[PDB]
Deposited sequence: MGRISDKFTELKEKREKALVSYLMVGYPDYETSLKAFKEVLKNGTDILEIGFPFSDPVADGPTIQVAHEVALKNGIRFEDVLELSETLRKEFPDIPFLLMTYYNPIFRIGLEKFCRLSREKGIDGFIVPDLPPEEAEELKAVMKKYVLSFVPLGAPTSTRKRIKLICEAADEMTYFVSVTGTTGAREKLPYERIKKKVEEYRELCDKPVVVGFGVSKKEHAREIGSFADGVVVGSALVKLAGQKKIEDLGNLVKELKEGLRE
């Protein structure tokens, strides 16, 4: 459909796998995070995951949880998150933007409004790590209305039936975690390939070029977050750009 499908079609013609970079708005502070976002985009990021600070990030690892807390103490609001998206959208017109948000904030703000605002500020789709199954259909329906790409989540232990539900739920792409929360996720993706034609990105545990090359050998893309956030924490912008450049190196053929 939109920017996501266009990007994967583009990467395929370039014989590349996608690098999905995840950073948190407001960590270690708004200004520094904005520089970080610009740096990863300038160095090869194909799809951006924009972190929306949340008070109870139970699905994130230690490093990202720190980013959540710090950003919230800096006073980062949903409005600041979208301002950053709008700002980046002007400089990078075709890079797909995925808003990483927990479910509660969407409900608190209001589904219609949340989606309306996201679309107006450049967001292409969402990644909801803790989406309650009993709230999924309603959210998907609203997202469809505002043309926001729904990205279902899979796991190394997803059943064949779940995989088919994931494929039909995905508008343009899917995201699988790499660990049971390697060989296991690789085999799961192969099954996925049998049942689904939509691109799939794999995350968790990526921090070295070797990791990107290995995962990219069977996935259409890799997601990197904690490794980037760590560098951003010390305002090591140059090293961050270097890391993104290196990761992207392991994603070319």
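Against the full deposited sequence, the model leaves out just one stretch, namely 182 to 190.
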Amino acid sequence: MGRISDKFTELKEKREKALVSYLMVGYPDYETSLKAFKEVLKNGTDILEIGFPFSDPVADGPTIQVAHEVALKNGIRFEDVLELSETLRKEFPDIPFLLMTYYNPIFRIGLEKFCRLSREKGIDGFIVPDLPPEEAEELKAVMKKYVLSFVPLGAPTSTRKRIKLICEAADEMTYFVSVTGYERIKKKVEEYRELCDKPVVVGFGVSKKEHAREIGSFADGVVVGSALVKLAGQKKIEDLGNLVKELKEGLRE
From here on, numbers count along this sequence of modelled residues.
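The question of which stretch, 42 to 50 or 208 to 216, has the higher mean Cα B factor is settled in favour of 208 to 216. The deposited model assigns a higher average Cα B-factor to 185 to 193 than to the other stretch when 22 to 30 and 185 to 193 are compared. Per the deposited record, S178 carries the highest C-alpha B-factor of all listed residues (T174, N74, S118, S178). Within the group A169, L84, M100, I123, the record's highest C-alpha temperature factor is found at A169. Ranked against the other modelled residues of its chain, the C-alpha B-factor of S149 as given in the entry falls in the lowest third. Ranked by Cα temperature factor within the chain, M143 sits in the middle third according to the deposited record. Looking at the C-alpha B-factors along this chain, the one for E112 belongs to the middle third. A155 sits in the highest third of its chain by CA B factor, as recorded in the PDB entry. In this PDB entry, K230 carries a Cα temperature factor that places it within the lowest third of its chain's modelled residues.
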